[PDB]
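Colleague: build me a model from this:
(one chain, ligands or ions: 8)
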Amino acid sequence: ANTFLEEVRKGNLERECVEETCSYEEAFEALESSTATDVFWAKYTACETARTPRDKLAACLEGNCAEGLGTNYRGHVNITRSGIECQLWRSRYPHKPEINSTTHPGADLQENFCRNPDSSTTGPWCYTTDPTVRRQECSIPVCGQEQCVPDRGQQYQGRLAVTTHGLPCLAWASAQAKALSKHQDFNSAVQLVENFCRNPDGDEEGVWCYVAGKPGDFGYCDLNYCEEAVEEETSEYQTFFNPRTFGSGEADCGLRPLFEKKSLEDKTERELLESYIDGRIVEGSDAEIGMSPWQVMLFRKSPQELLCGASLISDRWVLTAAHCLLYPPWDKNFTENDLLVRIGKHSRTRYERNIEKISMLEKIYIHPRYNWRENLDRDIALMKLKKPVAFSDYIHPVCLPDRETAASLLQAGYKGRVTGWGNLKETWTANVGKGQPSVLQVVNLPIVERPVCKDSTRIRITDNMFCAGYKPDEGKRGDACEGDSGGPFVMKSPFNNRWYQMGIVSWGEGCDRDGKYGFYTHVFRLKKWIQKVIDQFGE
Ligand SMILES: *[C@@H]1O[C@H](CO)[C@@H](O)[C@H](O)[C@H]1NC(C)=O
Ligand SMILES: *[C@@H]1O[C@H](CO)[C@@H](O)[C@H](O)[C@H]1NC(C)=O
Ligand SMILES: *[C@@H]1O[C@H](CO)[C@@H](O)[C@H](O)[C@H]1NC(C)=O
Ligand SMILES: [Ca+2]
Ligand SMILES: [Ca+2]
Ligand SMILES: [Ca+2]
Ligand SMILES: [Ca+2]
Ligand SMILES: [Ca+2]
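Modeller: Residues are numbered from 1 along each chain as shown. Ligands and ions are numbered 1, 2, ... in the order given. For reference, the structure is listed below:
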């Protein structure tokens, strides 16, 4: 920096180029030689994907942590991801290198320290003494992994320009991103710089940016968000989405046609208001007619087959889980023409031709930051139907809550509802008890404390999942594996009688050991994502 005076003083790399960002000549004054160097303007410019405090740069510049997929690295991790001894760069046993210390003399390729000369999208790596293993990535702790970007990075100032899926964020700049995506406008506190990831429209799922492909395409860039759980956080219903791309159905969701419109109460909906009382433990039962009218089935074309549950949020749009449509482990890649939704069925098999409508989908949006390789993180999917579905007493959409509203609910409700034809037991276990159920069952379950559900699992719970089910005991027993894969978990509000979907059934560890819970994907986060995916329309 150059705050007026201070140029009487001799250059300081730390004060000036490390404590503050900088320019070429400030650098020079400080430097003794005009080595505008290579991997040293890169000691700077590969370190730009870092920009937080005195340290994140010093840590980066003194090559101790990896920058993004960091060809900045110059540490001493002589080992692999598994833990194989690293082969010396200078060697040819067991593997004769293609990339010696001349091909890539920019990079610090000496001894046997993990480096990233060629830039692996897996980053810093090394040659392996395990002669069957040529190269392999190395487990380096990354820069200020201990930092925690907060508030989904509303504040975020730094400069990432590619997404999780590694695409280049187009600059907000453009004649379409600005002057043809002007249609939607933002929070003007958030400085949009070129094409660096930002969170203008206050999205709950993190930062993002427009991308190439279809107009309004986009994705969420990778950043290490703080653990901000809603569970640790109106008089009636005001509408959220634009009803030209959502379809109508919104301003009138969650009020059931054959109940909340008839001032009639359903057989276990009392249990839900009276959420505090140490209830007896009510099991599943054949639901009433038109009790969950946002219910959706997801039918595979040939052969006939019931894949998953899903839910209806409007005339057009149908919500389910990502893993339902796409799962490389079961070699699963379904597409818009393989799939049919049966909206508002009651039997598992019969064709309720007076009643249910069946539909083709006009495009299937798998969720942007969905990933299974680790652990079904962000297991979410959105589908638009080839024509608005006409409502009635059997079909009628649900309400998707903001955070503030889901926040409200969990404060007051301590139970929710899970319905389906028990497809989760069907997909994910051998289902060796009594067979699949004959009708759309219904049950109510308790929500568990975030900590309980956290230390109730070897697995890990992001601030984006949640758990349900009574905690197994000798009469306080536990069947957890309830509901449909990719289905709804709803709660009813005692402020507007409306039914919100709180979660999306995912895979439960509580499908194996008697002692676990059903895991659910919080739907409060989703709005703005949905907000962008709809807006990519007009008709
Ligand atoms: C890597 O080499 C250094 C050389 O001092 C040594 O301290 C370290 O123990 C070595 N580790 C392995 C796995 O070879
Ligand atoms: C470095 O490896 C290349 C790759 O084939 C090899 O041909 C060459 O002999 C090596 N470079 C030098 C300068 O010896
Ligand atoms: C699944 O198949 C489609 C159509 O053949 C293909 O374009 C695509 O590569 C696959 N999609 C994914 C997400 O793997
Ligand atoms: Ca200064
Ligand atoms: Ca200065
Ligand atoms: Ca200076
Ligand atoms: Ca200063
Ligand atoms: Ca100067």
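Colleague: ok, what's across the strand from residue 343?
Modeller: On the basis of DSSP bridges, residue 343 is bridged to residue 296, residue 357.
Colleague: surely it touches residue 298?
Modeller: No. Between residue 343 and residue 298 there is no contact under C-beta atoms under 8 Å: 10.2 Å. Bear in mind the C-beta positions are built from the backbone N, C-alpha and C, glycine included.
Colleague: nearest spatial neighbour of residue 43, skipping sequence neighbours?
Modeller: residue 61 (5.6 Å; C-beta to C-beta, 6 or more residues apart in numbering).
Colleague: count of neighbours near the one you found?
Modeller: 20 (other C-beta atoms under 10 Å).
Colleague: can you give me the domain boundaries for this structure?
Modeller: Split into domains by curated CATH domains, the chain comes to 63-143, 144-226, 227-291+399-539, 292-398.
Colleague: save the ones you listed as a markdown table, and put in mean neighbour count and distance to residue 45 too.
Modeller: Formatted as a markdown table, the domains of the chain follow (neighbours: other C-beta atoms under 10 Å; distance: least, C-beta to C-beta, whole Å):
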| stretch | mean neighbour count | distance to residue 45 |
| --- | --- | --- |
| domain 63-143 | 17 | 10 |
| domain 144-226 | 16 | 11 |
| domain 227-291+399-539 | 18 | 31 |
| domain 292-398 | 19 | 27 |
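Colleague: as a markdown table, these with distance to ligand 5 would be great.
Modeller: Converted to a markdown table, these look like this (distance: least, C-beta to the ion, whole Å):
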| stretch | distance to ligand 5 |
| --- | --- |
| domain 63-143 | 24 |
| domain 144-226 | 21 |
| domain 227-291+399-539 | 38 |
| domain 292-398 | 40 |
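Colleague: residue 54: which of those domains is closest?
Modeller: Using C-beta to C-beta as the measure, domain 144-226 is the one of those that comes nearest residue 54, at 11.1 Å.
Colleague: centre of the chain to that closest one, how far?
Modeller: 15 Å (C-alpha atoms, centre = their mean, to the nearest Å).
Colleague: span of it from start to end?
Modeller: Counting by C-alpha to C-alpha, to the nearest Å, you get 13 Å between the two ends of domain 144-226.
Colleague: residues from the stretch 401-539 of the chain in reach of ligand 2?
Modeller: Contact residues, the stretch 401-539 of the chain versus ligand 2 (C-beta under 6 Å from any ligand atom): none.
Colleague: where do the helices sit along the stretch 401-539 of the chain?
Modeller: Taking DSSP state H, counting those that start in this stretch, the helices of the stretch 401-539 of the chain run over residues 403-412, 423-428, 450-454, 527-535.
Colleague: go through the ones you listed and name the closest to residue 442.
Modeller: Nearest to residue 442, of the helices of the stretch 401-539 of the chain and by C-beta to C-beta, is helix 423-428 at 14.0 Å.
Colleague: how about the closest one as CSV, C-alpha atoms only?
Modeller: Extracted in CSV, the C-alpha atoms of helix 423-428 (Å, rounded to 0.1, in the frame of the first residue of the first chain):
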residue,chain,number,x,y,z
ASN,A,423,-39.7,-47.1,-0.3
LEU,A,424,-36.7,-46.4,1.8
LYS,A,425,-36.8,-49.9,3.4
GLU,A,426,-37.4,-51.1,-0.2
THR,A,427,-34.4,-49.6,-1.9
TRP,A,428,-31.8,-49.8,0.9
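Colleague: residues making contact with that helix?
Modeller: 306-309, 431, 436, 481-485, 487, 505, 507-508, 511, 518 (C-beta atoms under 8 Å, 6 or more residues apart in numbering).
Colleague: and it, how far from the chain's centre?
Modeller: 23 Å.
Colleague: re earlier: so the residue nearest to residue 43 makes contact with residue 14?
Modeller: No. Assessed by C-beta under 8 Å, residue 61 is found out of contact with residue 14, at 10.2 Å.
Colleague: and the helices in the chain?
Modeller: Using DSSP state H, the helices of the chain run over 24-30, 41-45, 54-61, 270-273, 403-412, 423-428, 450-454, 527-535.
Colleague: which stretch among those helices comes nearest ligand 6?
Modeller: Among the helices of the chain, helix 24-30 comes nearest to ligand 6, with 3.9 Å by C-beta to the ion.
Colleague: ok, residues contacting that closest one?
Modeller: Contact with helix 24-30 is made by 1, 2, 10, 11, 12, 13, 16, 17, 34, 36, 44, as judged by C-beta under 8 Å, 6+ apart.
Colleague: in those, find the pair that's most separated.
Modeller: Taking C-beta to C-beta, no two of these sit farther apart than 1 and 34, at 21.5 Å.
Colleague: neighbour-wise, which of these two wins?
Modeller: Using other C-beta under 10 Å, the more surrounded residue of residue 1 and residue 34 is residue 1, with 12 against 7.
Colleague: separation between the more buried one and residue 17?
Modeller: 9 Å (C-beta to C-beta, to the nearest Å).
Colleague: relative to residue 510, how far out is residue 278?
Modeller: 22 Å.
Colleague: again with residue 377
Modeller: Counting by C-beta to C-beta, the gap from residue 377 to residue 510 is 18 Å.
Colleague: ok, the closest residue to residue 87 other than its chain neighbours - contacts?
Modeller: Of all residues not flanking residue 87 in the chain, residue 127 sits nearest, at 3.7 Å (C-beta to C-beta, 6+ apart). Applying C-beta under 8 Å, 6+ apart, we find residue 127 in contact with 86, 87, 88, 89, 91, 95, 97, 112, 134, 135.
Colleague: residue 127 and residue 100, how far apart?
Modeller: 11 Å.
Colleague: overlap in contacts of the two?
Modeller: residue 89.
Colleague: quick revisit: and the residue nearest to residue 43, what does it touch?
Modeller: Applying C-beta under 8 Å, 6+ apart, the residues contacting residue 61 are 18, 43, 44, 47, 72.
Colleague: I'd say residue 260 and residue 497 touch.
Modeller: Yes. Using C-beta under 8 Å, residue 260 is in contact with residue 497, at 5.1 Å.
Colleague: can you pull up the most central residue in this structure?
Modeller: residue 378 (3.3 Å; C-alpha atoms, centre = their mean).
Colleague: thought residue 369 was touching that residue, still the case?
Modeller: Yes. In this structure, residue 378 is within contact of residue 369 by C-beta under 8 Å, at 4.9 Å.
Colleague: how far away is the closest residue to residue 448 other than its chain neighbours from ligand 8?
Modeller: Take residue 448 and drop its neighbours on the chain: the residue closest to it by C-beta to C-beta, 6+ apart is residue 467, 4.3 Å away. As judged by C-beta to the ion, to the nearest Å, residue 467 and ligand 8 stand 59 Å apart.
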